[PDB]
Amino acid sequence: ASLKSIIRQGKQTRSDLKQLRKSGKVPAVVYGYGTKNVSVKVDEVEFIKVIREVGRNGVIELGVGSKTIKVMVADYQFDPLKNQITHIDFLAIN
Amino acid sequence: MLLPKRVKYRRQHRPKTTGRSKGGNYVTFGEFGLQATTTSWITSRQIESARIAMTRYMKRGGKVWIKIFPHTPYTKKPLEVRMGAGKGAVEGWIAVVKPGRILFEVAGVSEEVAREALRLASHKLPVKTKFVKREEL
Amino acid sequence: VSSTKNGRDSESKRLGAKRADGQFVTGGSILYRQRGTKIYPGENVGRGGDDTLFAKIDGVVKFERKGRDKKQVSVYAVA
Amino acid sequence: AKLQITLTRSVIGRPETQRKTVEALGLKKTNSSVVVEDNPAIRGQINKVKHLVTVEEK
RNA sequence: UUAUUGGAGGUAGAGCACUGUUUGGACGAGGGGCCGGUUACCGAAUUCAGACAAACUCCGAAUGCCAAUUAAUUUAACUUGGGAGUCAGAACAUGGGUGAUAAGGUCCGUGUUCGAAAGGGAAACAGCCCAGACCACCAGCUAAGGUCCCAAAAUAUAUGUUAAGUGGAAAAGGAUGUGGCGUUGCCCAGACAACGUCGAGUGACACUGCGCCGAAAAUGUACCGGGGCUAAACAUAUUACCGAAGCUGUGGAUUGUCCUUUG
RNA sequence: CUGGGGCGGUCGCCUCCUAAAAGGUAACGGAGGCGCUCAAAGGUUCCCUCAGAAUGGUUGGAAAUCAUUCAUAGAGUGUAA
RNA sequence: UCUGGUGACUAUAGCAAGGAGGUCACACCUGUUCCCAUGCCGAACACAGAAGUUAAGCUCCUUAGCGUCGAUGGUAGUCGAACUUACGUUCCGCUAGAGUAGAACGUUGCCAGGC
Ligand SMILES: [Mg+2]
Ligand SMILES: [Mg+2]
Ligand SMILES: [Mg+2]
Ligand SMILES: [Mg+2]
Ligand SMILES: [Mg+2]
Ligand SMILES: [Mg+2]
Ligand SMILES: [Mg+2]
Ligand SMILES: [Mg+2]
Ligand SMILES: [Mg+2]
Ligand SMILES: [Mg+2]
Ligand SMILES: [Mg+2]
Ligand SMILES: [Mg+2]
Ligand SMILES: [Mg+2]
Ligand SMILES: [Mg+2]
Ligand SMILES: [Mg+2]
Ligand SMILES: [Mg+2]
Ligand SMILES: [Mg+2]
Ligand SMILES: [Mg+2]
Ligand SMILES: [Mg+2]
Ligand SMILES: [Mg+2]
Ligand SMILES: [Mg+2]
Ligand SMILES: [Mg+2]
Ligand SMILES: [Mg+2]
Ligand SMILES: [Mg+2]
Ligand SMILES: [Mg+2]
Ligand SMILES: [Mg+2]
Ligand SMILES: [Mg+2]
Ligand SMILES: [Mg+2]
Ligand SMILES: [Mg+2]
Ligand SMILES: [Mg+2]
């Protein structure tokens with residue numbers, strides 16, 4: 001429940017999104033209680049291992065910059081061909 | 001032998017073929033399934049041959065679903081005719097698949113039986129296929 | 001021997017809008033040409049016998065919504 | 001400030017929508033230049049035809 | 001022509017709220033097994049989930065269209081009159097009908113070129129890529145494409161793949177062919193083979209790059225243009241050069257616009 | 001006219017689709033209608049608001065008709081869309 | 001501010017549910033003598049009334065249950081460009097529908113009365 005994130009900068013183009021997915025990274029956003037919209041980056045391999053040990057519906061304490069937020073998972077877009085996760089939405093709860 | 005009982009227009013334009021699957025690309029009714037990898041038409045004789053070869057291998061065990069129905073009629077003009085004196089009579093009924101679409105779903109059987117039953121069906125369709133599970137996570 | 005029984009069509013009628021939003025018009029000019037009432041008349045706009053919308057006075061023309069999903073035309077005075 | 005624009009690719013084989021923009025800039029033959037000042041309406045015409053011209057900051 | 005504003009309209013895509021089509025599962029009412037009813041079966045209704053549409057739409061782009069601004073850059077536009085020729089069109093790319101998701105087919109829309117256009121490249125080759133010839137010159141810079149010899153310019157630098165002359169004409173399928181990247185099994189307690197020995201690695205799955213078989217036609221090698229090539233192939237980066245009637249340089253001709261010394 | 005010509009079929013007008021979100025746009029491309037009617041089915045002034053479904057109720061052809069609750073027009077609108 | 005009359009605004013304004021409110025306004029309510037009225041019915045409409053009542057309409061609170069509104073981020077599609085003939089790829093602009101967080105149990109002009 002200790003996953004790490006990296007804040008994306010402004011205005012990702014088309015190229016640097018697919019260049020980000022040819023690494024092991026996946027784009028993401030966080031929103032909800034007490035926060036603002038922050039768009040982030042998560043490793044794919046690390047994200048699967050956290051889900052497979054806390055379940056589909058569990059609490060993740062991930063860190064954005066300095067602070068850490070208790071975060072649940074809202075939805076995710078999946079590519080059924082070539083079977084990789086392509087977007088993940090995060091929801092803060094408190 | 002699948003065909004609709006009544007259609008408003010018997011003579012129709014042919015469907016658009018390029019692109020990706022609009023929807024219906026996750027297994028929902030069963031445990032295992034067969035998804036497509038290239039693009040083709042399926043002409044309602046192929047899914048009769050494929051459903052029979054599906055069924056006799058499983059010895060009437062678990063259930064089998066078909067996610068494809070042939071909705072669109074296509075025509076053909078008779079033998080040795082000049083071009084253009086109207087549009088010919090109907091010939092058969094097709095359904096269009098694009099890469100992603102699930103074709104059959106099976107359930108109620110072990111996994112290695114499901115791989116072999118779907119492999120026998122896949123040699124009767126004109127499209128490259130692939131064996132898939134029920135996705136989670 | 002084969003033949004067909006479809007060759008008929010009507011002549012097309014040049015429907016649609018005839019003046020643009022923000023344009024100055026003269027006091028009798030046709031604004032919109034339609035079957036039925038896709039657009040209602042508003043201020044200083046008459047509605048003809050064959051549902052043609054036309055201007056009463058001369059001025060500038062404004063298209064504008066009416067309710068949730070209704071549209072109207074008005075003509076306002078000063079130019 | 002000022003910009004120098006140079007017609008580097010020729011204009012034949014191109015659509016007439018792009019030929020009329022090149023004339024509006026004031027370019028006549030290939031490798032011919034013009035000096036104008038920077039302006040958001042001038043950047044729009046450079047944006048349209050940017051695969052045919054070369055801009056330097058004068 | 002562009003920037004900024006405003007507006008008309010229902011395509012692409014999506015979707016099932018109407019019209020039609022359709023797959024499973026439930027719910028119960030009816031007939032309906034029976035001995036009137038059970039249960040099975042039937043059709044209809046209502047719901048849960050999931051799919052289809054040129055003549056379906058609760059939604060809805062990009063672009064194109066109409067206009068207005070003491071906006072900015074450009075140079076056309078319109079009216080009247082005199083004089084014509086044209087009404088067999090073609091290929092390419094793209095959006096669609098027809099046809100067999102056949103034709104160098106046929107019919108519409110949108111662009112380019114040919115027609116009526118030489119020059120360079122594509123071996124040769126109206127329609128493909130570059131590019132629009134006033135005339136001299138034994139002067140220079142470049143485009144597309146190229147730099148072993150034919151034939152002008154790198155047997156150039158650096159990293160890797162391929163062993164099939166692949167390159168230098170094709171599929172479903174099949175396969176211990178070889179590289180790269182991941183997940184996960186059994187590990188020196190002795191596996192994994194072969195028969196206590198053997199003493200270190202051993203399997204599966206998944207995604208991928210190049211290649212192999214599948215591959216039979218008629219005058220003579222016989223689709224690399226030829227020689228020839230294991231790079232002179234392929235992929236990725238860098239620096240140089242060749243290369244046109246394109247652009248510069250020098251001189252000259254004709255016409256026009258300015259200034260005007262009609263120079 | 002004609003994917004040679006003949007045989008066959010068609011020749012004027014209206015509405016949809018093709019038609020590529022202005023308008024326009026072809027083919028022996030796909031679907032249908034017209035060659036009228038109305039003395040009120042016209043004008044004006046006042047009133048009214050449906051089909052359908054559900055539930056009850058002699059005739060109940062199941063539904064004719066009656067009451068009740070909902071019901072965006074699904075009704076109806078002389079005649080195709 | 002409270003009540004009423006009357007206008008403006010894409011239901012964020014609606015629908016449902018729960019609770020309070022009244023002889024000042026409003027309404028149920030009393031009656032068919034008169035104007036007027038019902039394909040029959042003083043139900044409706046019209047008139048004459050003020051005994052009764054806050055039960056209902058109405059108004060004020062409470063709720064996000066249905067409907068409505070709705071970003072950010074990602075994706076589909078696409079103008080332009082560059083490779084190519086593959087049911088294509090790459091770059092750059094624009095940017096959906098669905099879904100999620102959330103909004104929301106109206107806002108406001110004029111007059112009269114009651115404060
Ligand atoms: Mg779906
Ligand atoms: Mg579509
Ligand atoms: Mg179509
Ligand atoms: Mg449509
Ligand atoms: Mg003619
Ligand atoms: Mg002609
Ligand atoms: Mg041709
Ligand atoms: Mg063709
Ligand atoms: Mg054309
Ligand atoms: Mg000629
Ligand atoms: Mg020309
Ligand atoms: Mg030439
Ligand atoms: Mg040559
Ligand atoms: Mg050739
Ligand atoms: Mg020639
Ligand atoms: Mg040089
Ligand atoms: Mg070059
Ligand atoms: Mg030679
Ligand atoms: Mg040489
Ligand atoms: Mg070969
Ligand atoms: Mg091959
Ligand atoms: Mg072979
Ligand atoms: Mg031979
Ligand atoms: Mg040879
Ligand atoms: Mg020259
Ligand atoms: Mg258009
Ligand atoms: Mg149009
Ligand atoms: Mg007829
Ligand atoms: Mg009474
Ligand atoms: Mg949206």
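All values below were derived from every heavy atom in this structure, side-chain atoms included, with hydrogens, water molecules and symmetry-related copies excluded. Naming convention: chains lettered A, B, ... in sequence-line order (proteins, then strands); numbering from 1 in each chain.
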What is the nucleic acid contact for [X], judged by heavy atoms within less than 4.0 Å: base, sugar-phosphate only, or nothing?
| X | result |
| --- | --- |
| B:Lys98 | nothing |
| A:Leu17 | sugar-phosphate |
| C:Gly67 | sugar-phosphate |
| C:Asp69 | nothing |
| B:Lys16 | sugar-phosphate |

Look at the rings of C:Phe63 and C:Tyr32 and say which category their plane angle falls in: under 30° parallel, 30 to 60° tilted, over 60° perpendicular. perpendicular
Would you call the rings of A:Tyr76 and A:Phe78 parallel, tilted or perpendicular, where under 30° means parallel and over 60° means perpendicular? perpendicular
Between F:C17, F:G24, F:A31, spot the one nearest the side chain of C:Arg14, thanks.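 Looking only at side-chain atoms, C:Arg14 lies closest to F:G24.
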Of B:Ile66 and D:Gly44, the one whose closest RNA chain E nucleotide lies more 5':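 Its nearest nucleotide lies further toward 5', so the answer is D:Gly44.
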Is there a Watson-Crick or G-U wobble pair formed by E:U147 and E:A240, both distances less than 3.5 Å?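 They are paired, because both relevant distances stay under 3.5 Å.
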What I want to check is whether an N or O donor and acceptor connect the side chain of B:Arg14 with the base of E:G99 at under 3.5 Å. yes
Side-chain donor/acceptor of A:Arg14 to base of G:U78, under 3.5 Å: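 By the distance-only test, yes, there is a pair.
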Any side-chain heavy atom of C:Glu43 within less than 4.5 Å of one from C:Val75? no
Anti/syn call for E:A136, syn if |chi| within 90°: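 Here the answer is syn: the torsion falls within 90° of 0.
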By the rule that syn is within 90° of 0, classify the base conformation of F:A40 as syn or anti.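 You should classify F:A40 as syn.
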Looking at A:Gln19, I want to see if its CD is surrounded by more than 12 non-hydrogen atoms of other residues, nucleotides or ligands under 6.0 Å.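 It does not: A:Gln19 CD has 12 such atoms or fewer within range.
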